[PDB]
Structures are given as C-alpha cells and as structure tokens.
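>
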Amino acid sequence: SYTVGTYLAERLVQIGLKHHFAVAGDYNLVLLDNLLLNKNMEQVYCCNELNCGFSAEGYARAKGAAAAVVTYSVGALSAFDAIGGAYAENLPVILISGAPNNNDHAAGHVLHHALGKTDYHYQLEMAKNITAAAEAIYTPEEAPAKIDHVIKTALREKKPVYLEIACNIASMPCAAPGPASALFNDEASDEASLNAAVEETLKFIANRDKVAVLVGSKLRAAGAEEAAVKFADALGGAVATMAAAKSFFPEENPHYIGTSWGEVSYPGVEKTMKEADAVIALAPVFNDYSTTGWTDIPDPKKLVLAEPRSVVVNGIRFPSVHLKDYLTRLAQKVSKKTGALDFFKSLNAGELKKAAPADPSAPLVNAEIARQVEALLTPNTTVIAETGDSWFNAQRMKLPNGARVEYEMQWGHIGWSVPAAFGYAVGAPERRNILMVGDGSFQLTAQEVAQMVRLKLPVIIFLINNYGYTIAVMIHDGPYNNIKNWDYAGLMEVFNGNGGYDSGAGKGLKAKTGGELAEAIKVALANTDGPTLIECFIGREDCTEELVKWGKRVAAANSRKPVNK
Amino acid sequence: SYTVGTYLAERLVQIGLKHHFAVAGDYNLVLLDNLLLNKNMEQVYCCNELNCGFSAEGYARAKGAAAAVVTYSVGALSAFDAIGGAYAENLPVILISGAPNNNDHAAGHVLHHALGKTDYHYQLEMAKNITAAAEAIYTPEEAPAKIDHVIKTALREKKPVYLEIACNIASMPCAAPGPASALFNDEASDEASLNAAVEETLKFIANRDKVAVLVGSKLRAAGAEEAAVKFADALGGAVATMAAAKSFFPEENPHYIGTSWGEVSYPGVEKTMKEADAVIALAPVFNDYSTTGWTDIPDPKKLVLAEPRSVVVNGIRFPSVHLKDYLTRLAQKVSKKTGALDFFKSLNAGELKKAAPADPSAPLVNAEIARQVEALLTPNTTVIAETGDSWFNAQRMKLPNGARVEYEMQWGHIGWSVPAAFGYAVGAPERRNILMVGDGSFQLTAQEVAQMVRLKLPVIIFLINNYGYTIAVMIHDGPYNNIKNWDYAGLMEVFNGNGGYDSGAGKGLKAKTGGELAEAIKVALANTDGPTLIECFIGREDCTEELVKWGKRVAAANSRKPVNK
Amino acid sequence: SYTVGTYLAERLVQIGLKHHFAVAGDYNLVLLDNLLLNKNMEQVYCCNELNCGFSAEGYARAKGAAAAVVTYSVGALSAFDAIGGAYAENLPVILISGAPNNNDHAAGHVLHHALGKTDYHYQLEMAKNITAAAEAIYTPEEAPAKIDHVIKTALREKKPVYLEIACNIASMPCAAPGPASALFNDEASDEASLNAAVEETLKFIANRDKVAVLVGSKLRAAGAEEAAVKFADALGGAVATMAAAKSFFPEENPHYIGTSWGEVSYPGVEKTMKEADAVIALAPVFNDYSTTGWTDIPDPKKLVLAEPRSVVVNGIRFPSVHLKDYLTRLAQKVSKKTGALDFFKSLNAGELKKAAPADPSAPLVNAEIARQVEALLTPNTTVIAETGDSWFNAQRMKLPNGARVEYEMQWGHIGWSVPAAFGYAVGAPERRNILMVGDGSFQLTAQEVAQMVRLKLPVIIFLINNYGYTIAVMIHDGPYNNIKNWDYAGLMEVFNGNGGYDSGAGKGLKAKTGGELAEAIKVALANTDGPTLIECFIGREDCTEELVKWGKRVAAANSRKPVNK
Ligand SMILES: Cc1ncc(C[n+]2csc(CCOP(=O)(O)OP(=O)(O)O)c2C)c(N)n1
Ligand SMILES: Cc1ncc(C[n+]2csc(CCOP(=O)(O)OP(=O)(O)O)c2C)c(N)n1
Ligand SMILES: Cc1ncc(C[n+]2csc(CCOP(=O)(O)OP(=O)(O)O)c2C)c(N)n1
Ligand SMILES: [Mg+2]
Ligand SMILES: [Mg+2]
Ligand SMILES: [Mg+2]
Ligand code: NI
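Protein chains in written order, with the entry's author numbering: chain A, 2 to 566; chain B, 2 to 566; chain D, 2 to 566.
Following this line, the structure appears as structure tokens:
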C-alpha cells in the first residue's frame, strides 16, 4: 500500500526520474526513508541546499524533470535561489521541503530552525513568488491531490513547484496513485486557432520572400526542437539561433547561418536579419542581455512571434496553439522562401574567424583553450558553460549534430555550472560531459566536485584561472573584482581524501602552455573513474573580443539615467 | 555633497560599523563604488552570498550590528537564508541589494537575473517575511528617509532589515544625514509601569525564599547582561543559564550554578529548578530544543517572565518596561532570597565530571579534544560552536570571566559557524577566536576559510572529523548521514595558493593522538599570519553523553503523531 | 483595429457576456469608454462596488460568467469581498480595476485614492489571495497575453480572476484577438485514467448493492448535471442532494429521494444514507455547515469521491478525469444497483410534512409564506434564497423540472441576495425571478433594488420582516441581533422617485395575513414594468423547525473547546 512518502516517490518515478537530490535534516529524515523505499529511483546527496537545487536544475536539463528534498526553513531558503533559477530557465524542478510537526500548528509553539515567532507559513508564502505551484501538506488525506497538482503543473508549465510535508505524516497511509499518463495530460491546440495561425502566417509571408528564422531559448521547453527542423527544411529560409539557444538547432543543417546576437553575431548574420522582410521568432526571450543592451530588437513590422503556446502574426494573437503543432502544420503548407538564405550566401562574409593552433611552448591564451576544447566536441558531448567569458568561448564553437551546450543565461547565477554539471552527469552518464567554468564562479560551489568524485563521474572541468571576475571587469572595474587565488588543481586530492576514511579517483592538473593543456586533456579523457580538473592559467585582460563589445552595451543599459515621469 | 550611496555609508559608519560585507554584481557595482568613498569603513568581499550573510551575522555578534551588500535576485535570495538566521538570533544585520535600473520599471522589460516576467517586487515581497523592515529605493529623493527608517528599526528591534537600491541612482545626490544619535533614539520605560512591575515582583516573592533565576538567550539583545549581574548579586539567589545563553552570565559569580537544560542540566541544577518557589526567567526563548522536547517547561505558577520590553508577573502583563531598567530598579528594592541557592549547595552534587588528560600516545577521543580546547580558554577568548556535538563540547566548558561562546541554537543552520567565525574575527581581531566545527557542517561553507587567509585572521579551527552527521545519527539514522570524507588539513594549502597568483599563511595540521593535538595547538598559537585548521580524527559513536540523551527527546517530540480536532 | 479596452470587450463578448457591471471612477473612465464601443454588450451601473461585485456574481449564475469594472483602491477593495464570494461559489467573475497612470510608477509619486506610500502593487498582491489569476497591465503590448490568460484561467478553473489596467493605456492600440474557441480550450480526460476509474468503481460496487448517490454543490461548475441523470437512470439507485446542491438534480426523477443534510434530511433519507454500502459523492463540498456541525460525515470506507476533475475510488486516486466524462462512461457500463432505493421506499417515510392552506384573515406565519411562494414555482422560475431562514424555506419546496434555486452556502455573505438577484434578473429576464430575503440581510445592500427599478426588472421580492437576525438568535442570542426597523414597502416609492428627475415602476406592498399576501402576489405578477417588494410580517421566534436543530449543532461545533498540545 502507500504512504505520503511512497506516493510522492511513485509519482516521481512515473514522470521519469531515476534520481532525486537531498540534504538530510531533522524535518525530512522520515520522508527520505520513505522515498528510499522505491528501488527504481536513487537518493543522491549534496553538500548544501543551494548546490542541491542547482544539481536538480542540471538533472532536469538532462532528463526533463528533477526533484530536490531539503529540510524546513534553513534548508529551503537557500534552495529558493536555485528554484528561482529553474523558473527563469523553464525547468520542472520539484522542490520538496520537510515541515514542522502538525501538532505544532496553531499551538503557539516556537520551533527550532524557524524565525522565533509562532508563524509557520512564511516559507510557503515566499515560495509562491518563484514557483508555478506551491502546496503544504499537513495531513495524509490531502497529500495525494496536492502532490498530483504540483507535479502536473510543473510538467505542463515547465516551471518549478514547491511542496512541504509535515515530518510526522510522511509515513501515514494514503490513497494509491493512478496511471502515469494522467500526469502528462495536457490540452491540445485549439484546432480552429491552429489553422488560423498557420493561414495568417502564409498570408504574411506571401509577398515577403526574405524570411529569417530566429531560434529562441524556450524552444526546448516547448518540445519543439524536432518540429523546428521540419519547418526549416520546408521553408529553405535562413536560420539563426539566439545566444541562449545554442545547440537548439542542428548546426550542420544547410539552412543554419549561425548566432544572432546584435553586434556580436556571426559574420553576415546581422546584415541578413536586417535585410529579411519577415522574421519568425520561435519561442524567444528578449531581455537586456539577449538584445545586447537593447540595441538589437526585432523589427515589430517584420516579426512573427511564435511562443510556446501562442502565436502573434499579422497583428492578431492566437492563444491555445502549441508551438510544435504550429511548426509541424506550417511545415506541411509552406512554400520555399529562400530570399534571406540566398542573400546571406551573396555576402560571402565567410565563416567565423578562429585562431590557428598556438605554439605549444608559448604562454597559454584564451583562444588556444577554446580551440582545444572545441576539438573535444562529438555528437555525444555536452558542454556546460558558466556565466563569464565561458559564455562567449562556447558560443564560438561549431557543434556537430547531437552535441549540446547548456546555458543559464536568464538567471545568470555564477557557480550554477558546477552543481549543474554534477546533476547533468548523473542524468546523462553516457555522454562526454565538459564543464567550462571561471575561477570566480567556481569558488561559490566548488565542494560539489567532491560529489562527482564520490559517484565516480568522469566530468572534464576546464577551470579558467584568470585571477578575478573578468566579465565584471568589462562592465565596470573596481577592487571588488579581485579574489583569493586557490591552488584549484590541488583541490582534487583534497576531495579524494586518499589515505583517509574513503577514497577518490579525481585528478587535478595545471596548464600554462598549449602543450601542457594538450597533455592534460589526454589524461582527462583516460580518466574514467573520476572527474578531471584542468586549471588553465591565462591573463586577466585576455578574453574574447565579443565580451568586450557586449560588455560596453550592458554597462550603458544598466547605468542609463532616469527619465522624468 | 552626499549621494544615495555615500548617505548609506555614513549611516553605517555612525552606527559603529568598521566593515561591511559584499559580493559584487552588475546591479550593485556603482553602489559599491560609493560605499568605498568612505574610508572610515572597510569593504570585505566574500565567496558566495550565503556565506556573506553569515559573515555579517558573525560580525554583528562582535560589533552589535552589520551590513551585507549583494546583487539582485541571484545574490539576495541565497542571502535570505542568512537574514532569516539573523532574525532568529536577534541580530541587526542590514541586507542591501542592488536592483534594476529604475527605467526598467513598468516598461514591460524582461531582465537578466530575474524570473523572466516583467515585474520586480517579488524579492522585496519575499524579504518582508524575514525582516523587521523592508524598503525599495527607486529614486534619490526617497533614499534618506528609507535608509534611516530601516536602520533605526534594525537597532531598536534587534532584527535584520532589507534595502534595495536601483542601480542607476546610487551616485545620485540627496540630502545629508543628521547627527548619529537620532538612530539610537528609543522610548524610555513607562515609569508607572516600571514601578508597578517591580512592586508586583516583590509581592510575588515575598513568601517564596527559593527563588531561581534563569538566564535566557535574548539577554544580550535586551542589552541587560550587566543589569542581570547587579540583580543577581542583590537577590543572592541561584542563577542558571539556558543552553543558548552560555556566557551571558559570569560563570565564576558565586550565584552561578550551571546550565539548566532538562535532563542534560549540570549536576543538581535540575533538582534545584524543580525545587524553587519562584523562577525569574530573563529574556527566555522556549522552543522545542531549549525545553528538551517539551519535557522541561517552566512551571507556570512559579514563573516571572521578564522579556526584553515587557514583564509578566503575578498574573499581570506590563508592556513598555525595558528589561535593563526592570532589573536595575528591582536590584535596588529586592531583599535576600537565598533558599534556591542554599538548596543547590546542600545537594553535594559535585562539579561537572571531566576526564583526566588522556595518554598522549593513545588514539584521540572526543573528551580529550574538549579538554585541550577548554585549556585554551582565556578571558580574551571566543568560542564559535557549530550545530552538532560541538554544541555540547562547548556547553561543558568552564568559562573564565570575559570568555565568550557563540551559538546559533534558534536558527541552527549547519555551516553557519565557518562564515560566522570569519565575520566575528573581522569584528574582534584582538580576541582569541576559536571555531569548533564538525566535518559535515564544514563542507557546506568551507570556502570562506580562504577569506580568513586573505585577511590574515589567526582563527583557530578545530575540525571534528568523525566521518558524517553523528548528531543526526543520534536522532534518526540512515544513508543520508554519510558523506564524502575530505583531506581537510590539505585544504589550507589550496587556499594559500603559494606559487600561484598570490599567497596565504594558513596552516593545515592533522591530529590523531592526544599528543599530536597538543603540538598542533602550539603551532596554531604560533601562527599569527593566518588561520590554523586542526583536523581531529575520532570515531562516529564517540560523542558526548548529553547529545544522546537530548537527541532521543528531540526525536520523540518531532515524531509524535497527530491529535484529532 | 483594437485598443487595450476594445480587445477586452471583444473577449468578454466572445465568452458569452451580454452585459458587464461597472462603477465609474477617474481611473477607469477611459476604459469604460472603450468597453462601450462594443455594441454587442450593455454597460450596467451599480450603486457601490460591493453590490457591483455581487451583481456580476448573480449574472454568472445565470449566464455562466460575468465581468465587473471598478476604480483603483477605493473600488477594488470593497469588491474583493464579492470576488471572494465568487471564488467560494466557483463562479468565473472577471474583476477589472482601473489603475494609475503608468508614469506614476517608481516615480516617488503619492496619488489620491492610495495609501499615501509611493508603491502600487498592494492591491494586486491582495487580489492574488482570492483569485485563480491576477495580472496588472502597465503597457499596451502586454495586454492581449494577460487578458487572454486571466479569462482562460477563469473559464477552466471556474474561479474569479483579477485584472488592473493603467488608466492611460486603455485607448492604446494593441493586437487583435483570435477566434473565441481558443478561450474554452481545455484538456480532455486521460483515456487510460478514465477507463481505470470506471473499472475500479465497477469492482468496488460489485457486491455493494445498496448504492446511494449524493449530488454535490460543484456539479454545475463541473458541467455535469446532465451526465448525472444519465448515470442515475442507468444505476437505478437512490439520489439525494446536499443542501447547497438544491435544483442541481431533477426533483421529479423517479430516483430522487430528497435532501441529505444530517438530522434535517428529508424523511427516510438519513436512514437510507446510513444503510447504503456505497455512496457516490458527485462534486461535494463537505464543510461545517453541510455536515451539520461535523455530525454528518460520509463514511470513508464506502465513499466513491468523484470531484470535478478527479476520482478517488477503491483506494486509488485518478487525476485528469472530468466528472462529465466519468459519469457518461459509467452510465454505459454500470448495472442496476437498486438496493438503497428499495430500502428508501420500504421505509414508507412519506413526503415532507407541509402545512395546509391557513385561514386568510389570521396573522401571517412562516409556513404560510413558504406555502404561497412554493405555489408560484414554475419551470421558468428561479428562487434566490438569502442566508437565514430563507435557506430552509427554499430547501423545503418541491421543484418542478426547470425551476432553479440559487444558494450562497459556501461564502454565506448576508446581503448577497439583493444584488445577486439583480444581476441574475439582468442575465435571465425571461424567467420568473423570486428573491427571498430577511429584513436583516436586505439592509446591507438594499439600494440595488433601485437598479431593478432603473432597468424595469420585474423581480418579485419577498421581504421577511421578523424584526431582526432570527438565524443568529438561534445560534447565540444577544443585543447584536436587534436592528432598526424600516418601512421596507415605502422604500419602493423612494427608489421610484416619481415626481423627481425621473420615474420608476416599482411597487411596495405590506402583507400581515395569508390573504393580504395572496392579494399582493397577484399585483406582483401583474407588475411587468418593475420589481415588486412584498413586506411580510411574522414573529421573531417563528422559523422553520430545521433551523433550530441545525443551528444548535453548528453553534456546538464553532464553540467547542481547544485540544491539548
Ligand atoms: C550569485 C551571483 N553573484 C554575483 C553575480 C555577478 N557576476 C556576474 S559575472 C561575475 C564574475 C564571474 O567570475 P568568473 O567565474 O571568474 O568569470 P570570468 O572571470 O571568466 O569572466 C559576477 C560576480 C552573479 N551573476 N551571480
Ligand atoms: C542547512 C542545514 N541542513 C540540514 C540541517 C540538519 N542538521 C543538523 S545537524 C546536522 C549534522 C551536522 O554534521 P556535523 O558538522 O558533522 O556535526 P557532528 O557529526 O559532529 O555532530 C544536520 C544535517 C541543518 N541544521 N541545516
Ligand atoms: C456580511 C455578513 N455579516 C454577518 C454575517 C453573519 N450572519 C449570518 S445570518 C445573519 C443574520 C441574517 O438576518 P436576516 O436576513 O434577517 O435572516 P433571518 O432573521 O430571516 O433568519 C448574520 C448577521 C454574514 N453572513 N455576512
Ligand atoms: Mg575569473
Ligand atoms: Mg560529523
Ligand atoms: Mg430577520
Ligand atoms: Ni512597480
């Protein structure tokens, strides 16, 4: 039969989870015990609750959904930062929090781990601000509906949700869960709306032969990646990805012209976007970063805006239309509109200029690092790129079909990448998992590398030691951009603890030249029993020219003076 | 003149801050530039925002107030956890957050670091649940009043507060601040009430010779420690401390009888408390941990409750009576009530039983560690004691007058002790600052030690490596109590980074015998240029006797089934 | 083309509104101008915002949805009470509030009608607590998505929603709305779940022969009234209505046995429910009133709980199964379960005892009022029954098929009935609309009768003048149950204002005997050009027997002492 804990466990298993992440606390131990009863799913422990949140976030990037289990108050509050991130990056992370004994409610009881008042709903009220659904379970009878509600909502909305469970009811009997299919049940497109949206689009591009497609960072959340490819092949138009949509469209496809990102776009892309008479944006996010300081905004008179669940085209809004249906039907009706792609080719702007192989003995530079990492890409590779110049190194890489890049470009939490890489590697252990992270970001969440060691995850970490917050240096410089330098390579043996209670097979290596990097990479690819950190030493001013151009824009936008109102 | 930024800086300097803590972000960079302009204060940088909040918390325990500065969303949300802790521990920490350009407001703008919607009041709305005041500054004209409001509230209520500042107004001119005294202005005790409360207190104990005094954990926040010593000397009664009130009363005062903590009370203290005719609780916090699972609750018909700003005595409640004034006035009128103390001493229940110095060559045991640590205790010494068995090692120690213990027993966030020690040492560098932390807790926030090395703080760290969450093992045991063991001593040289971009003078030593421990403690004292981590190895089962007894009652309280209603 | 305002009006028209209700204020004037441009809809003006909210609520009962427009703060806050009522009664009311000029945002601007602070999100934040969706529109670009989102949520959830619109963008251009069918697009039942829930129900009642069906008060919201009689006819079991579900099932269907309401159930009904071995609860709301002070809770070991969007049966919970689809499939496969119906008939409990026609010249008594009112009931009739003895008067009436009763038994706001009857009459002017209201309730919202006069609505108002709050006198008597008597009949000539600026055709009559009432009812049916209020005079202690029995049990529940720990 079922308890509150094993009901939740079963639902998690039904939406496809093979792992859930947890930090033990006295308010969730019984719950953890009940989750553990389901041998179809593994309990993975993290160091702190922030890393736990980002671990699940990364896991959801690999498997589509995730779960994090923390304790009441002291656990959940730091996790909220990760949950906020999951929301911003449209990932269904289910955050489960232990909660006080339900006898301690409306009793006038001060409780440990809480604020010192007799109020026990402040955590729920906080969570409401950063989740698609949030529920507290204080009795077993209400458990099944609340669990089903939040899990259904997360999958439908592609947003994180919140659950708290009284510690003394986690083992209480409750109803059994029905079929898994009920959890994914969602409304189909309104047929009439779907047909009118497609027809309006054909009317719009009837005498606009220069059609460009702009791939956006919500395309995976809409499950519309495959459909985008059918539509593009049918259209024969020019296809560019927004920066945060890297790898959301096959780069070996003949219609792909590269990255669209204002003045830091691939060669010929900015001109082509300007020359197109119609722009079809598939699930874009336009914010201050993606529009390069509000300098690159799509011409509203040319824009066909196709969101996950609605289309605006030809001055008409069509709610209740799923992007994948709209793309699939459109791909069946559309004729060739090659004008944009023909214009792009007529530019002869050439491929992205990339640096030649560096002299192996010469001092290591950022370009030489990017070159060697790119050479590691395969159809089975995933690169995790941290906020920082790593954003731009990654954007410059040509991806073979199948290879993935993971960005956190809406939330932008430095340190996200380390736990996110951990969780991703747990979720997709069969892939070659590469983490590109700067020294500054790495310090926020570095202990999660020890969990990589613990689970023998062969993550390859390229640690860019440029000695400071360089991306911040290119926005606005000051003494707050300086940090304490670590011996990052030596940190691996610390996490191994060889000679201690347990063991580890992680390796840490330093690279000061192109030759030393190449040797380290060879060692990394041979390490199958643990992660390999490659500490790369480069100058502080040595970064992509993209970062410098983009940095000026961002700084000017942020700092622009108030307008009288 | 003054700007929004330099206005804030001046107010912080006026309330006695000599440092503030910060994590740079593109929404607070200009704010940070302005704070720097005031050289009467130093800007201290932290690894992540959680740590930064706890550093401010620790700093507040040393200086009486503190400030932390983070960036919007990604910074603030994780720091909320520390702020909640400051609320629970009655510490005026001022959290200042950068916020979006004020032109981005109601403009329909999606921004980096936000949830992907177009509204920016969720952070503030969350903040309101865990602060005594929360204000957003969107224009220069509003800044002074809002800054003054939150700071006055923080100091008066002894609670943390929240301020956010639009990033494009930090350098905007505003009014100059007035005299610092205005920030400490607080109401006096209502004279009529003060007198009535004291009189009612005299009537209540007129025929109750066995009066016992219970020192609670809000005593310092009430600024009433000195007045308690005066009242006690006048009463000549028996004085015991609650667990969290350790060092809030002089332990070599002839009226001090030890710790009152249910069945884990000092010898005879429990009997003396149950034998008393009248218990005078000074600023007590009665939660589930402090009452040992609701087993040791004060007798309601013996209790005089003297909270920080009110007194309940003899069935009458007297608001607007400051604890400090109450005790001082009471000290002038009270007569001798020695019965409880007389009863205590007759019991012949000897002093706390401590083990004799172990064989310096034999394997290290918990008792021995606590022995040498106690021998380091000095009137100049502060012990920061982490959640876990460190709580009880510290509770068992006799403190010379002047010696301080710092507990986070209401919030009980593990990992707190590391950044807290950092911030405390920054705020009290002349003191001998000792940190007693478990291996499990250390892993959550270990990177902040790197900041101890950076500022050359001679903190002495006793890391108790028993390989896991032993305290949780004594509440409810499971696989979630196990962790990845590190080489913690080796971590120090990683943080030093000698041979890298910079240097550090921290030391990492291992201690496995009572003898190895003794030599390490010598090396640690000899190290004045940085922190010293002493990794002590002991078994998992090797904990204090108190932890086990106490843990069972706590586990029982948390697990008790519901009652029909 | 469309403005923010005309976009809203078209969507309201599309979901089936022929009227919207409004109160003018300087923050919604231009919005009201834009709504008026759509001729397919009339704009109806109310006295105050509370009544305007309750008129929309009534309208929604008649037409399935409604909209109310009010001004910022002073209008909205009062209307929030009505909106909470719509949430409680599962009625999709759309509350649209004017809001400040969008230039006044984050400008440090104090505005009339607001709290005197400089921030303007408190009204939204409040609204979130009592709606299924709540959006603020500050720019014309975001309007269509937000308007579409709140309306679709309201229709899907059957709950009220909230919209505010900046007063200076109501005339601003925006996209055009797509096809109306988009707004009703909902998910279908999960086929595997639907079939599994059908089977589990069949297995559960395999040898549970005495099957009873309990019609609950959310059956209309679930759109499942028709599917309920299909199921009922197939099963051949006994069907009882919960008090609040009166008229949600055909009372001359051969399976109907009457009201199930504890010790005030119809004769035989209570014994039938106890005797049954299976109870099929259809969309029930079990609260303290419907369970008669928790004295009548359905046996959990025999309950099939079929909610609007889920089913719990045989220990298994089936989300994603619509009640309509569930009952329809069930009717196709279920076999005869007559046992409970056989049991009911064998009881020979007889019909509900009803008084014979009194002597016309004798003093009026409650039963005679209910008799004559019952005699007016027709297939074209709707009774609006106010909180108080009217509840039980209406509950006792036999309804011809077609006749409806409207209750507000979840929210229970006295005074609801007057505005509610107004909106209902506006939305169903063809029907015989009868309002049964106590003198106590009438005084709260009496002015809305003047609007009945204004639109010439032939509402028949029975005003039970027993001089006070009789229902509360039976709960717990005190001086707070006495009121100031009015001349309720003469109030009609006041609202007519004949001889003034306009005219009115309302009539007010007094009835002190059975015959006087008979005579007044005839002139009421004659009056086609306006409402007719009949002021009936009865004693304070002259109420239904059910009221006292029910009242005692309710007062017991609410006053019961607290539980220990
Ligand atoms: C939690 C959090 N705190 C602060 C920031 C602000 N921030 C953005 S980039 C950055 C610097 C990143 O440093 P590093 O990892 O060294 O990147 P790189 O030097 O390669 O640019 C900072 C502090 C953030 N994005 N998230
Ligand atoms: C953030 C947070 N997560 C979980 C807990 C619950 N908790 C209390 S003590 C503890 C174990 C502490 O481990 P350690 O530092 O090794 O203490 P020791 O084993 O010496 O008792 C945990 C997980 C907590 N207090 N705070
Ligand atoms: C706004 C509001 N205030 C108070 C109540 C509580 N209440 C319930 S019944 C009642 C008295 C109703 O008086 P009346 O309409 O004369 O009913 P009757 O005497 O006919 O039973 C009151 C005050 C309520 N339901 N709603
Ligand atoms: Mg860096
Ligand atoms: Mg431990
Ligand atoms: Mg009455
Ligand atoms: Ni605003």
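From the three backbone atoms N, C-alpha and C, an ideal C-beta is built for every residue, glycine too.
Measure the C-alpha to C-alpha separation of A/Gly469 and A/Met475 and round it to an integer number of angstroms.
12 Å
> Which residues share a DSSP beta bridge with A/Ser311?
A/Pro320
> Could you tell me which chain A residues have their CB closer than 7 Å to the CB of B/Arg561, listed as they occur along the chain?
The answer, in chain order, is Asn102, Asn104, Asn169.
> For D/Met493, tell me which candidate among D/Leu464, D/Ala473, D/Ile317, D/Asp478 has the shortest Cα-Cα distance.
D/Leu464
> If I'm right that B/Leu365 touches B/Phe538 with Cβ under 8 Å, what's the distance once you round it to whole angstroms?
6 Å
> Taking 8 Å as the threshold, find out whether the stretch 415-422 of chain A comes into contact with the stretch 259-270 of chain A through three or more Cβ pairs.
no
> Any residues whose CB sits closer than 7 Å to a heavy atom of ligand 3? List them in chain order?
Spelled out in chain order, the answer is D/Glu387, D/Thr388, D/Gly389, D/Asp390, D/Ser391, D/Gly413, D/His414, D/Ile415, D/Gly416, D/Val438, D/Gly439, D/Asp440, D/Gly441, D/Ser442, D/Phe443, D/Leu445, D/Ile465, D/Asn467, D/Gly469, D/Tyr470, D/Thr471, D/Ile472, D/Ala473, D/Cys544.
> Could you pull the DSSP bridge partners for B/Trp262 from this structure?
B/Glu264
> Based on Cα-Cα distance, which residue from A/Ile152, A/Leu283, A/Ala207 lies nearest to A/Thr242?
A check of alpha carbon separations from A/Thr242 across A/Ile152, A/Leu283, A/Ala207 identifies A/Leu283 as the nearest.
> Run through the stretch 331-417 of chain A for me and flag every whole alpha helix (DSSP H) of 4 or more residues, listed as ranges in chain order.
340-348, 367-375, 390-396
> If I measure Cβ to Cβ from A/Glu369 and keep anything under 6 Å in the same chain, skipping five residues before and after, which residues do I get?
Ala359, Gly515
> Checking 7 Å against the spacing of the C-beta atoms, do D/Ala521 and D/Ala512 come in under that value?
yes
> Do the stretch 184-192 of chain B and the stretch 115-122 of chain B meet, that is, are 3 or more Cβ pairs less than 8 Å apart?
Contact fails: fewer than three Cβ-Cβ distances are below 8 Å.
> What's the call for B/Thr296, buried or exposed, on a 16-neighbour Cβ count within 10 Å?
exposed
> Kindly indicate which residue of D/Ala506, D/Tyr425, D/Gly498, D/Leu548 has the alpha-carbon position closest to the one of D/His20.
D/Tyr425
> Which residues does DSSP list as the beta-bridge partners of B/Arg433?
B/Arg433 has B/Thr382 as its beta-bridge partners, per DSSP.
> Just checking: is the beta-carbon of A/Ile476 within a distance shorter than 7 Å of some beta-carbon in chain B?
Chain B contact via Cβ: present.
> Run through chain A and tell me which residues come within less than 9 Å of D/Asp187, C-beta to C-beta.
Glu188
> Straight-line CA distance for D/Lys160 to B/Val313?
48 Å
> Under a Cβ-count criterion, where at least 16 other Cβ atoms within 10 Å of its own Cβ denotes burial, should A/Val5 be classed as buried or exposed?
buried
> Interface residues of chain D around B/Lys511 at Cβ under 7 Å?
None at all; the shortest Cβ gap to chain D is about 49 Å.
> With a threshold of 6 Å on Cβ separation, who are the neighbours of B/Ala279 within its own chain once the five nearest residues in sequence on each side are excluded?
If the five residues before and after B/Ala279 are omitted, its C-beta is found closer than 6 Å to the C-beta atoms of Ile206, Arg209, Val212, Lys303, all from its own chain and listed in chain order.
> Can you check DSSP and say which residues form a bridge with D/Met127?
DSSP output for D/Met127 lists no bridge partner at all.
> Nearest CA to the CA of B/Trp551: which residue from B/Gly238, B/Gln396, B/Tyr73, B/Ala10?
Here the closest residue by C-alpha is B/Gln396.
> CB of A/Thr72 to nearest heavy atom of ligand 2: below 6 Å?
Because some heavy atom of ligand 2 lies under 6 Å away, the Cβ of A/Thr72 counts as near it: yes.
> Can we count D/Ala87 as close to ligand 2, meaning its CB is less than 6 Å from some heavy atom?
Incorrect: D/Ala87 has no Cβ contact closer than 6 Å to ligand 2.
> By Cβ distance below 7 Å, which residues in the same chain neighbour D/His477 in space, the five residues on each side in sequence not counted?
Counting only Cβ-Cβ distances below 7 Å, and skipping sequence neighbours, we find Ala556.
> Reducing DSSP to helix, strand and coil, say where B/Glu188 ends up.
coil
> Would a check of beta-carbon distances place A/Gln444 closer than 7 Å to chain B?
yes
> Are the C-beta atoms of B/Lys566 and some chain D residue less than 7 Å apart?
yes
> Which residues in the same chain as B/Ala404 place their Cβ atom closer than 7 Å to its Cβ, once the five residues preceding and following it in sequence are excluded?
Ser248, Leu378, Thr379, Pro380, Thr382
> Give, in chain order, every residue of the stretch 137-170 of chain D whose Cβ lies closer than 7 Å to some Cβ of chain B.
Hits within the stretch, in order: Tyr139, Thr140, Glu142, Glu143.
> Compute the beta-carbon to beta-carbon distance between D/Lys325 and D/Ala223, rounded to the nearest angstrom, for a pair I have assumed lies under 8 Å.
Going by Cβ atoms, the distance from D/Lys325 to D/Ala223 rounds to 7 Å, so yes, they are a contact pair.
> Quick check: what's the CA-CA separation for A/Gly179 versus D/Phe319?
Here the alpha carbons of D/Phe319 and A/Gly179 stand approximately 5 Å from one another.
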